[PDB]
Each structure stands twice: as structure tokens, then as C-alpha cells.
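Only one chain is included here, represented as C-alpha cells and corresponding to the form deposited in one PDB entry.
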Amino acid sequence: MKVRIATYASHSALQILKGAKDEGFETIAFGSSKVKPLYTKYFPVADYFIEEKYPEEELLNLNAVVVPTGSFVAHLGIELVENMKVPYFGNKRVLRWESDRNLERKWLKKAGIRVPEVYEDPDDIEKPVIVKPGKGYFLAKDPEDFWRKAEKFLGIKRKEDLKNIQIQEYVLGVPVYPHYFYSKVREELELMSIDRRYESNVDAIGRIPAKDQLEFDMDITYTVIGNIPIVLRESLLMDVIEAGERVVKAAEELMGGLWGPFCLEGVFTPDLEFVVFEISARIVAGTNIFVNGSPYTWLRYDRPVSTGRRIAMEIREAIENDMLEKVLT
């Protein structure tokens, strides 16, 4: 291949570049010098390592296509990405739509996705809510409970003094993260895998007896540490997949389309509702478990297919059918 596959040296670069190698591409990682050994020695998946944040000129010279990851908004910034001259796998317009809370809400509403109800006025609370002044977060049962806690925790003594808070329907369920891939080449959605994200200290507090917890003011945090593989109850799959289809269709109207990997981040309630908190409109690191395929890909492929490999398969096929320009922005 003339085209090389490149990505930032973090997040899911190991999986992405291995998938690229499996499909016959030469690979490029770019990032911190500290992590060069990870990608060239411990897991030798990068044919080139460039010790720079975003080496645009070198990437152009190497005929690179960049695969975006969660490290893109986090480490390079939306404006840098939107202005990049290196071909980008996916639609870079999606970045604003997934990052802006209001645009994301508009997207999910158009896609008919179940999300927590937002309350603009605390006096409209009729079911338990989570108040977001993940730090300082607390629950409120009703308006009366809210105002007592607004006084106790936030020092609010008058209703006109309440400012810059989020009030949201509290939705209790188990975290579930389905990983999708939409092929623009084949015009087809796939379920790639599913994971349960592993977070600290939130996933550690369950090991602490209530009695010991109550002696302290608990400071619950949601730092992402890793990922645990799961499968869903089979009868839940159709609605999870239909949700993915609706998200893609909505994006076709709103932002010029969505293709490649994405994830809907949410919880499953005891009433079997998938309620979505966030959309990640690119590869998520939960896919890293599935370098050797997943319980889902092995239902439909004769070989191991990670999301990383699936990306490289899409690029290769696009090249094979003279439509590479269709999958790049």
C-alpha cells in the first residue's frame, strides 16, 4: 500500500497499528518520546515513530491517513484537528457534535435515544435527580430536598442566587459500552464488541463496608483505569443495534454523516432500558480487549477482527474499490 496508517501514541494506538499491520499497511505512531519503546520494542507495531505532538509535514511526506482516538480532543484540541492537512479517517465535523453538550443532546434526541431528562428549574423536580455543581455531585428527591441541600452544600439561601448547575434525572443502572462500526464502503452497521469500563475510585468503594465508609467524607472519582470484557443478554442486542442505526442516520442529516467506529456510553436499568449518557464518535479504548476478536466478531468472521483491524479493512477496501476519498475528511 502507498497509504500508511498513522495515529497519536496513546489511547488505542497499539490495537490500531497492529490492525493496520494485519491488513498490509505500513504504520506510524507519533507522540511523546517516553512512550516510543511501547510501540517499537515491547509491542513492535509502529514502523515509524515520530517524536512530535503533530508532525503534519512528515505525515504528508509519508502518505499517512490519521485514525482519530480519544487522545485527539484531549491532547491536540478540536481546532488543531479541524485544521489538519493530513487525511483523517472519519468525518471531522462530528468532533463538535460529540463534544458540545447541547449539540450532543440535539443529536441524541434526533436519533430517538433514551437520555436522562434535564431540569432547568429545580421546582420542576418530580423524580430523584443528580445535581452537578464528577465532584460535588449529590442526589435530590424533590424541590424541598434540593433547596435544603443547595443551602447545605452550596450556600444558596435565596432562589435567585442559584447559578451554573446541572440538574438531571438520576438513572440507576449497570454501565454498558457497546462498540459499533459503520462501514461507508459497504453501507452497513456492525456491533464489534462490548465492554464495562473500570474506574477509580468508584469501582473500589464497593469493597469498603458501609460502616468504614461513613466515618469519612467520601470523594467519589471516575478516573478511567481500564476495561473489562462483557456480552449482553441476547434479547437486548436488537435495540442496542437499532440505536446505533438511528445515530448514524441522524448524523447523515445533521453533520454530513458518521462512519467508522463509535460508542454509546450508558447504563442498563432493571427495566431493561439502555439509557445513554454520552456518545463517543470514534474508536473507544474498550475495544483494546478485542485484539484477537470478540464474542461478536467471531459470530461473523473466520479470523480475529478488532476495531483497529476493522478500520484498516475499511481503508484497504476503499482503496480496492477506488473510493478512498469517500472515507476521509
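Here the rigid core means the biggest group of C-alpha atoms that line up within 1.5 Å when the two forms are laid on top of each other. All residue numbers refer to positions in the sequence shown, first residue = 1.
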Checklist line | Deposited residues lacking coordinates between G256 and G257 (none, 1 to 3, 4 to 9, 10 or more) | finding: none
Notebook entry, point to check: So which stretch wins on mean C-alpha B-factor, 149 to 157 or 168 to 176?
Noted result: 149 to 157
Next item on the list: Output the stretch having the higher mean C-alpha B factor in the entry; the candidates are 201 to 209 and 110 to 118.
Entry: 110 to 118
Check: Which of these, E144, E242, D195, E234, has its C-alpha atom at the highest B-factor, as the entry lists it?
Finding: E144
Item checked: Deposited CA B-factor, highest of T221, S183, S99, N227 -> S99
Margin query: Ranking every modelled residue in this chain by its Cα temperature factor as given in the entry, which third contains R246?
Written below: lowest
Next item on the list: Sort the modelled residues of this chain by their C-alpha B factor and say whether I5 lands in the lowest, middle or highest third.
Entry: lowest
Next item on the list: Sorting the chain's modelled residues by C-alpha B-factor, tell me whether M238 ends up in the lowest, middle or highest third.
Entry: middle
Next item on the list: Among all modelled residues of this chain, ranked by Cα B factor, put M84 in the bottom, middle or top third, i.e. lowest, middle or highest.
Entry: highest
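Another form exists, deposited in another entry; not displayed. Remarks below refer to it.
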Margin query: Quick check: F146 between this form and the one not shown - does its CA shift reach 2 Å or more after fitting the rigid core?
Written below: yes
Notebook entry, point to check: Has the Cα of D219 moved 2 Å or more between this form and the one not shown, judged after a core fit?
Noted result: no
